[PDB]
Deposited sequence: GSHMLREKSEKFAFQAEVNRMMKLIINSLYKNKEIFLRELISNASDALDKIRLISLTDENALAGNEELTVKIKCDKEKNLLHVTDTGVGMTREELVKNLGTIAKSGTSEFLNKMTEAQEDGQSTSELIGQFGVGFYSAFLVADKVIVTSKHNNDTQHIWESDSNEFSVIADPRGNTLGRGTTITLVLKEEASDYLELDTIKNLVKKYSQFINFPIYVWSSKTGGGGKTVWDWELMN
């Protein structure tokens, strides 16, 4: 189980706070994830200033959100700097209204457990191979992605939604939320939506 890890005590306590104090406005997890994605794009953009190889694995700088209503999943993918394996283990397993306090203290990512029974973070960084981080909140593991490098560069956050969080699978909801929290993000944010013959394509939200 050299791939299995446990959470630092403080993180456990922190996840417990978010759940007990934000259960009346769970929709903020989308805000927090879109915000994280945006900070990630800012860093690769900052890296491309000095390193001229920074953007060779994925020239674009976007944020695409997809709804798999059949597998009960919600995907949020950015083409930011991404995270190395060691960063998945250290930065997600430890740390150094409360709606505003979370993003400021650096723990807004855990707001995802407000609507998910399981969170998965797939990531490719310019200096490592693609890896997968998974957790149901009672432990977590990190393994090399057997699919190889399918992201180029960036991160995908996958949420296996709670049955009560089923509404986050309907497009009308996500679009409303994506739009409401995409307002001040300096990057384009699309949503895989239907157009009704009935064809699917990326739809710009901001």
Extract from the deposited sequence all ranges with no corresponding C-alpha coordinates, numbering residues from 1. 1-7, 104-122, 223-226
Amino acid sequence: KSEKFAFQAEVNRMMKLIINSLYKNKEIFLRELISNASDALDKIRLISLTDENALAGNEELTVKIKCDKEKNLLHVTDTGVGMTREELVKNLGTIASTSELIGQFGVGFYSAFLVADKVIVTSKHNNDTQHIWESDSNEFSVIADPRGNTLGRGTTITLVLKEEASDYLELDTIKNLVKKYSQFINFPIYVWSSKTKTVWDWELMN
From here on, numbers count along this sequence of modelled residues.
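Rigid core: the largest C-alpha set superposing within 1.5 Å between the two forms.
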Fitting on the rigid core only, I'd like to know which of the two stretches, 124-132 or 108-116, ends up farther away in Cα terms in 9 other deposited structures of this protein. 108-116
RMS over structures and residues, CA atoms, rigid core fit in 9 other deposited structures of this protein: 33-41 vs 47-55, larger is 47-55
Where the other entries model residues on both sides, is residue 96 skipped in at least a third? yes
So 8-16 or 178-186, which one's hotter by mean CA B-factor in the entry? 178-186
Name the higher of the two by mean Cα B-factor in the PDB entry, 133-141 versus 52-60. 52-60
Residue set 111, 123, 97, 72, per-entry CA B-factor max assigned to 97
In terms of CA temperature factor as recorded, identify the highest of 171, 30, 47, 160. 171
When the modelled residues of the chain are sorted by Cα temperature factor, does residue 102 land in the lowest, middle or highest third? highest
Tell me, lowest, middle or highest third: where does the Cα B factor of residue 166 rank within its chain? highest
